[PDB]
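Quick notes on the structure that follows.
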Amino acid sequence: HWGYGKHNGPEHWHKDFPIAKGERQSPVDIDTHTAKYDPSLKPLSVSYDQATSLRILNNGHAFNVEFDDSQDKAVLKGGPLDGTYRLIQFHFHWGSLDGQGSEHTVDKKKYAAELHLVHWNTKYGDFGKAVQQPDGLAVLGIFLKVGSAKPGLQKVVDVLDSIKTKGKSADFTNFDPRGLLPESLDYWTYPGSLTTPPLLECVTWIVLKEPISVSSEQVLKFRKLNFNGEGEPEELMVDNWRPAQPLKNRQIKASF
Ligand SMILES: S=c1[nH]c(-c2ccccc2)cs1
Ligand SMILES: [Zn+2]
C-alpha cells in the first residue's frame, strides 16, 4: 500500500489516487509576498476548553490523537469558515533532520515538523460525509521549529514509546490541545486537500504564521517511531511529508 519510500511514496500515489494530480492539492508553498491581506475574513475562533481526547494511535504513517467528537465541544469557526467545525483528531508530519519535515513551506522554507488539527463541518453530520464535500474539513496547520521545549507537547512525547509500531494504540485522556498553540492566530488560508492518500479535495487550510518551538529531544522522540508493525524489520517513521504541489488556479489569503 501507499507510504513514503522510493517505491510507494508521493511520486507513486497518483496511480491509486488520480486526484493526486488534481486542481486543489496540498501542501503548497506559501509565497508571503504574493499572499494578499483579506479584510473580509472574520476573526478566527479556536475554542478548545472542552476538548476530550480518547486515544493515541500509530497508523503506520503518523500518530493520531483522537477526540470524542460526539458532542459540540472543541470548535473552530470564523476566519474563512462558514459555520462551525468540530475537532476530531490531530497528527504531525516530520523529518529525519531538523531542516525538513513540514508539508507547507513559507517562501520555500521547510520547518522541522507540522501539526494538523483536523475539524469537520457540522453541517454534514459526521466526518465520513464531511470528507466528501469541498468545504467538509478545516485543518489548522502549525509549524514546529527546533529550539526551546514545548511543555504542552511533553505528554504526547512520553506516550510514544507505548505505540512504537504500526497498529499500536493507547488510552490518551485529558490532553489539552490548547498547549500546542502559538501566541498569535495570524494565518494564511487557501482551499486544498489532505496531504496523504486518499488526497481528498475537502480541506480549507488555515496555516498559522507563528511556529511553535519544540526541543531537539522532543522531535528526536517522534523519529523513534516505526512505520512497520511489531515483529517486522525496523523502518524509522521519518519524512512522512509530501512535496509542495502546484498552486494552479488558487489564491492564498492572509489574515494580517
Ligand atoms: S494530512 C491530513 N490528514 C487528515 C485525516 C483525518 C482523519 C482521517 C484521514 C485523514 C486531515 S488533514
Ligand atoms: Zn496531515
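Ordering of the C-alpha cells sets the chain letters (A, B, ...), residue numbers begin anew at 1 in every chain, and ligands are numbered from 1 in the order given.
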
Please report, as a tab-separated table, each residue of chain A lying at most 9 Å from ligand 2, together with the nearest pair of atoms and the separation in Å rounded to one decimal; use only C-alpha atoms and all ligand atoms, and order rows by chain and ascending residue number.
```
residue	atom	partner	partner_atom_place_in_ligand_line	distance
A:62	CA	ligand 2	1 (Zn)	8.6
A:90	CA	ligand 2	1 (Zn)	8.1
A:91	CA	ligand 2	1 (Zn)	6.2
A:92	CA	ligand 2	1 (Zn)	6.1
A:93	CA	ligand 2	1 (Zn)	6.3
A:103	CA	ligand 2	1 (Zn)	7.9
A:114	CA	ligand 2	1 (Zn)	7.9
A:115	CA	ligand 2	1 (Zn)	7.2
A:116	CA	ligand 2	1 (Zn)	5.2
A:117	CA	ligand 2	1 (Zn)	8.2
A:118	CA	ligand 2	1 (Zn)	8.3
A:139	CA	ligand 2	1 (Zn)	8.4
A:141	CA	ligand 2	1 (Zn)	8.3
A:194	CA	ligand 2	1 (Zn)	6.5
A:195	CA	ligand 2	1 (Zn)	5.7
A:196	CA	ligand 2	1 (Zn)	6.9
A:241	CA	ligand 2	1 (Zn)	8.2
```

**Prompt:** Which neighbours of stretch 26-43 of chain A fall inside 10 Å, counting only C-alpha atoms, when residues of the same chain fewer than 6 positions from it are skipped, and could you give them as a ChimeraX atom specification?
**Reply:** /A:20,77-82,102-110,185-186,188-196,199-201,203,205,207,209,241-247,251-256

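Among the candidates A:88, A:146, A:44, A:206, the residue lying nearest to residue A:100 is A:146 (atoms considered: only C-alpha atoms).
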
**Asked** What is the distance between atom CA of residue A:187 and atom CA of residue A:125, in Å to one decimal?
**Response** 27.0 Å

**Asked** Hey, what's within 12 Å of residue A:233 if we count only C-alpha atoms and toss same-chain stuff fewer than 4 positions away? As a ChimeraX atom specification, please?
**Response** /A:165-166,226-229

**Asked** If you count only C-alpha atoms, which residues fall within 10 Å of residue A:76, apart from same-chain ones fewer than 6 positions away, as a PyMOL selection string?
**Response** chain A and resi 44-48+83-87+117-121+138-140

**Message:** As an exercise, work out the distance from atom CA of residue A:66 to atom CA of residue A:94 in Å and give it to one decimal place.
**Reply:** 18.8 Å

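Residue nearest ligand 1, chosen from A:212, A:238, A:51, A:57 and counting only C-alpha atoms and all ligand atoms: A:57.
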
**Request:** Would you please work out which residue, of A:123, A:129, A:250, A:61, is nearest to residue A:236 when using only C-alpha atoms?
**Result:**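 The shortest atom-to-atom distance to residue A:236 comes from A:61.
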
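For the set A:216, A:50, A:174, A:59, the residue with the smallest atom-to-atom gap to ligand 1 is A:59, counting only C-alpha atoms and all ligand atoms.
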
**Item:** Every residue of stretch 10-42 of chain A that DSSP places in strand (DSSP E or B), as a VMD selection string
**Value:** chain A and resid 29 to 30 36 to 37 42

Selection export as a JSON list (two decimals), in the first residue's frame, atoms kept: N, CA and C atoms:
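And here is the file that came out, part01.json:
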```
[["chain", "number", "residue", "atom", "x", "y", "z"],
["A", 29, "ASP", "N", 3.62, 25.76, -1.35],
["A", 29, "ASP", "CA", 4.49, 26.81, -0.85],
["A", 29, "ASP", "C", 3.66, 28.07, -0.67],
["A", 30, "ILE", "N", 3.82, 28.73, 0.47],
["A", 30, "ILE", "CA", 3.14, 29.99, 0.75],
["A", 30, "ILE", "C", 4.12, 31.11, 0.40],
["A", 36, "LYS", "N", -2.33, 37.98, -0.28],
["A", 36, "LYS", "CA", -2.94, 39.29, -0.06],
["A", 36, "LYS", "C", -3.74, 39.32, 1.23],
["A", 37, "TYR", "N", -3.57, 40.39, 2.00],
["A", 37, "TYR", "CA", -4.42, 40.60, 3.17],
["A", 37, "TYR", "C", -5.87, 40.70, 2.72],
["A", 42, "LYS", "N", -13.39, 37.05, 8.70],
["A", 42, "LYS", "CA", -13.87, 37.32, 10.04],
["A", 42, "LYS", "C", -12.84, 36.82, 11.06]]
```

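If you measure from each of A:198, A:54, A:173, A:74 to residue A:18 using only C-alpha atoms, the closest one turns out to be A:198.
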
**Request:** Write down as a PyMOL selection string the residues belonging to stretch 26-251 of chain A that are assigned alpha helix (DSSP H) by DSSP computed on the backbone.
**Result:** chain A and resi 127-130+154-159+216-222
